[PDB]
There are 2 protein chains.
Amino acid sequence: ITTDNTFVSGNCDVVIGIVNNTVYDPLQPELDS
Amino acid sequence: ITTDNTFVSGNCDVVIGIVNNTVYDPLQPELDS
Ligand SMILES: *[C@@H]1O[C@H](CO)[C@@H](O)[C@H](O)[C@H]1NC(C)=O
């Protein structure tokens, strides 16, 4: 589950049945170094 | 209106009816920080 596979819209307070997990950002390891 | 929503092809000298605006790049605030 990455940012190029999913898209952001709204918040977790609207979707019925949303699970809490993590989404990997490919920009973070490139910018940390 | 961002780069992840629009694609670049040609320039503003060809397409009729193009207007000037600013496009927000999400990479820039992350790179500056
Ligand atoms: C994560 O999702 C669960 C699912 O309902 C929620 O209860 C919780 O408040 C969310 N946030 C957390 C665990 O920080």
# chains A, B, ... in the order shown; residues from 1 in each chain; ligands from 1

call {"tool": "residues_near_ligand", "arguments": {"ligand": "ligand 1", "cutoff": "9 Å", "atoms": "only C-alpha atoms and all ligand atoms", "output": "PyMOL selection string"}}
result
chain A and resi 12+17-21

call {"tool": "write_last_selection", "arguments": {"atoms": "C-alpha atoms", "output": "short mmCIF file (atom, residue, chain, number, x, y, z; two decimals), in the first residue's frame"}}
result
data_model
loop_
_atom_site.label_atom_id
_atom_site.label_comp_id
_atom_site.auth_asym_id
_atom_site.auth_seq_id
_atom_site.Cartn_x
_atom_site.Cartn_y
_atom_site.Cartn_z
CA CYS A 12 -11.57 8.39 8.32
CA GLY A 17 -15.75 0.18 7.93
CA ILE A 18 -12.40 1.92 7.44
CA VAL A 19 -9.45 0.13 9.05
CA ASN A 20 -6.42 1.84 10.58
CA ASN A 21 -3.10 1.00 8.90
#

call {"tool": "interface_residues", "arguments": {"of": "chain A", "to": "chain B", "cutoff": "9 Å", "atoms": "only C-alpha atoms", "output": "number ranges by chain"}}
result
A: 27-28, 31

call {"tool": "select_by_dssp", "arguments": {"residues": "chain A", "states": "alpha helix (DSSP H)", "output": "PDB file with C-alpha atoms, in the first residue's frame"}}
result
ATOM      1  CA  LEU A  27       9.338  10.514  -0.958  1.00  0.00           C
ATOM      2  CA  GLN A  28      10.327  10.104   2.713  1.00  0.00           C
ATOM      3  CA  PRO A  29      13.389   7.824   2.254  1.00  0.00           C
ATOM      4  CA  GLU A  30      14.563   9.979  -0.660  1.00  0.00           C
ATOM      5  CA  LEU A  31      14.348  13.210   1.359  1.00  0.00           C
ATOM      6  CA  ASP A  32      15.734  11.830   4.633  1.00  0.00           C
TER       7      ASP A  32
END

call {"tool": "calpha_fit_and_write", "arguments": {"fixed": "chain B", "moving": "chain A", "output": "PDB file with N, CA and C atoms, in the first residue's frame"}}
result
ATOM      1  N   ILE A   1      -5.643  22.700  -7.952  1.00  0.00           N
ATOM      2  CA  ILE A   1      -4.868  22.391  -9.148  1.00  0.00           C
ATOM      3  C   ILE A   1      -3.453  22.022  -8.728  1.00  0.00           C
ATOM      4  N   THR A   2      -3.107  20.743  -8.867  1.00  0.00           N
ATOM      5  CA  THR A   2      -1.814  20.233  -8.440  1.00  0.00           C
ATOM      6  C   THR A   2      -1.171  19.468  -9.589  1.00  0.00           C
ATOM      7  N   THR A   3       0.043  18.974  -9.344  1.00  0.00           N
ATOM      8  CA  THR A   3       0.773  18.231 -10.365  1.00  0.00           C
ATOM      9  C   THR A   3       0.270  16.802 -10.531  1.00  0.00           C
ATOM     10  N   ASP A   4      -0.393  16.238  -9.525  1.00  0.00           N
ATOM     11  CA  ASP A   4      -0.976  14.908  -9.644  1.00  0.00           C
ATOM     12  C   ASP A   4      -2.374  14.931 -10.246  1.00  0.00           C
ATOM     13  N   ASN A   5      -2.939  16.117 -10.472  1.00  0.00           N
ATOM     14  CA  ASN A   5      -4.225  16.261 -11.139  1.00  0.00           C
ATOM     15  C   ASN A   5      -4.107  16.708 -12.587  1.00  0.00           C
ATOM     16  N   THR A   6      -3.021  17.387 -12.945  1.00  0.00           N
ATOM     17  CA  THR A   6      -2.795  17.880 -14.295  1.00  0.00           C
ATOM     18  C   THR A   6      -1.484  17.323 -14.837  1.00  0.00           C
ATOM     19  N   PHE A   7      -1.296  17.488 -16.144  1.00  0.00           N
ATOM     20  CA  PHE A   7      -0.079  17.061 -16.820  1.00  0.00           C
ATOM     21  C   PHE A   7       0.389  18.159 -17.766  1.00  0.00           C
ATOM     22  N   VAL A   8       1.695  18.162 -18.025  1.00  0.00           N
ATOM     23  CA  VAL A   8       2.351  19.191 -18.824  1.00  0.00           C
ATOM     24  C   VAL A   8       2.532  18.671 -20.243  1.00  0.00           C
ATOM     25  N   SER A   9       2.233  19.522 -21.222  1.00  0.00           N
ATOM     26  CA  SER A   9       2.445  19.199 -22.631  1.00  0.00           C
ATOM     27  C   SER A   9       2.505  20.499 -23.415  1.00  0.00           C
ATOM     28  N   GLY A  10       3.639  20.753 -24.064  1.00  0.00           N
ATOM     29  CA  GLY A  10       3.772  21.962 -24.851  1.00  0.00           C
ATOM     30  C   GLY A  10       3.956  23.199 -23.983  1.00  0.00           C
ATOM     31  N   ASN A  11       3.518  24.332 -24.532  1.00  0.00           N
ATOM     32  CA  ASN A  11       3.617  25.617 -23.857  1.00  0.00           C
ATOM     33  C   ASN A  11       2.298  26.363 -24.017  1.00  0.00           C
ATOM     34  N   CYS A  12       2.216  27.543 -23.400  1.00  0.00           N
ATOM     35  CA  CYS A  12       0.989  28.330 -23.436  1.00  0.00           C
ATOM     36  C   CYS A  12       0.778  29.044 -24.764  1.00  0.00           C
ATOM     37  N   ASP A  13       1.662  28.848 -25.739  1.00  0.00           N
ATOM     38  CA  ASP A  13       1.579  29.542 -27.016  1.00  0.00           C
ATOM     39  C   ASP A  13       0.838  28.748 -28.086  1.00  0.00           C
ATOM     40  N   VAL A  14       0.298  27.578 -27.752  1.00  0.00           N
ATOM     41  CA  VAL A  14      -0.394  26.734 -28.714  1.00  0.00           C
ATOM     42  C   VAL A  14      -1.885  26.632 -28.411  1.00  0.00           C
ATOM     43  N   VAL A  15      -2.257  26.604 -27.134  1.00  0.00           N
ATOM     44  CA  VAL A  15      -3.652  26.421 -26.749  1.00  0.00           C
ATOM     45  C   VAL A  15      -4.384  27.753 -26.854  1.00  0.00           C
ATOM     46  N   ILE A  16      -5.505  27.751 -27.568  1.00  0.00           N
ATOM     47  CA  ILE A  16      -6.328  28.948 -27.715  1.00  0.00           C
ATOM     48  C   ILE A  16      -7.252  29.056 -26.509  1.00  0.00           C
ATOM     49  N   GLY A  17      -7.109  30.138 -25.748  1.00  0.00           N
ATOM     50  CA  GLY A  17      -7.931  30.363 -24.579  1.00  0.00           C
ATOM     51  C   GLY A  17      -7.318  29.947 -23.262  1.00  0.00           C
ATOM     52  N   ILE A  18      -6.004  29.725 -23.216  1.00  0.00           N
ATOM     53  CA  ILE A  18      -5.356  29.311 -21.979  1.00  0.00           C
ATOM     54  C   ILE A  18      -5.257  30.498 -21.028  1.00  0.00           C
ATOM     55  N   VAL A  19      -5.558  30.254 -19.753  1.00  0.00           N
ATOM     56  CA  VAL A  19      -5.516  31.283 -18.722  1.00  0.00           C
ATOM     57  C   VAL A  19      -4.241  31.099 -17.908  1.00  0.00           C
ATOM     58  N   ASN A  20      -3.756  32.203 -17.344  1.00  0.00           N
ATOM     59  CA  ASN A  20      -2.529  32.192 -16.558  1.00  0.00           C
ATOM     60  C   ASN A  20      -2.863  32.068 -15.076  1.00  0.00           C
ATOM     61  N   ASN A  21      -2.338  31.026 -14.443  1.00  0.00           N
ATOM     62  CA  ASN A  21      -2.612  30.732 -13.040  1.00  0.00           C
ATOM     63  C   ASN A  21      -1.373  30.060 -12.452  1.00  0.00           C
ATOM     64  N   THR A  22      -1.537  29.403 -11.305  1.00  0.00           N
ATOM     65  CA  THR A  22      -0.446  28.700 -10.646  1.00  0.00           C
ATOM     66  C   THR A  22      -0.806  27.231 -10.472  1.00  0.00           C
ATOM     67  N   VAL A  23       0.221  26.385 -10.474  1.00  0.00           N
ATOM     68  CA  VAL A  23       0.075  24.950 -10.252  1.00  0.00           C
ATOM     69  C   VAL A  23       0.937  24.576  -9.053  1.00  0.00           C
ATOM     70  N   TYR A  24       0.306  24.022  -8.022  1.00  0.00           N
ATOM     71  CA  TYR A  24       1.008  23.680  -6.793  1.00  0.00           C
ATOM     72  C   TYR A  24       1.815  22.401  -6.977  1.00  0.00           C
ATOM     73  N   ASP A  25       3.059  22.420  -6.507  1.00  0.00           N
ATOM     74  CA  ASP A  25       3.934  21.255  -6.574  1.00  0.00           C
ATOM     75  C   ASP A  25       4.100  20.665  -5.181  1.00  0.00           C
ATOM     76  N   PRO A  26       3.611  19.449  -4.924  1.00  0.00           N
ATOM     77  CA  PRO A  26       3.755  18.870  -3.579  1.00  0.00           C
ATOM     78  C   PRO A  26       5.194  18.571  -3.190  1.00  0.00           C
ATOM     79  N   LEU A  27       6.130  18.594  -4.142  1.00  0.00           N
ATOM     80  CA  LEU A  27       7.521  18.285  -3.829  1.00  0.00           C
ATOM     81  C   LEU A  27       8.252  19.470  -3.211  1.00  0.00           C
ATOM     82  N   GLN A  28       7.812  20.694  -3.500  1.00  0.00           N
ATOM     83  CA  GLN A  28       8.488  21.897  -3.027  1.00  0.00           C
ATOM     84  C   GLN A  28       8.477  22.018  -1.503  1.00  0.00           C
ATOM     85  N   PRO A  29       7.327  21.905  -0.822  1.00  0.00           N
ATOM     86  CA  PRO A  29       7.358  22.016   0.646  1.00  0.00           C
ATOM     87  C   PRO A  29       8.077  20.865   1.322  1.00  0.00           C
ATOM     88  N   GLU A  30       8.161  19.703   0.673  1.00  0.00           N
ATOM     89  CA  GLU A  30       8.906  18.585   1.238  1.00  0.00           C
ATOM     90  C   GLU A  30      10.410  18.786   1.116  1.00  0.00           C
ATOM     91  N   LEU A  31      10.865  19.415   0.032  1.00  0.00           N
ATOM     92  CA  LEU A  31      12.288  19.624  -0.192  1.00  0.00           C
ATOM     93  C   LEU A  31      12.815  20.888   0.471  1.00  0.00           C
ATOM     94  N   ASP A  32      11.958  21.890   0.684  1.00  0.00           N
ATOM     95  CA  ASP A  32      12.410  23.116   1.335  1.00  0.00           C
ATOM     96  C   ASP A  32      12.779  22.866   2.794  1.00  0.00           C
ATOM     97  N   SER A  33      12.065  21.961   3.458  1.00  0.00           N
ATOM     98  CA  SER A  33      12.342  21.645   4.854  1.00  0.00           C
ATOM     99  C   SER A  33      13.366  20.521   4.968  1.00  0.00           C
TER     100      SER A  33
END
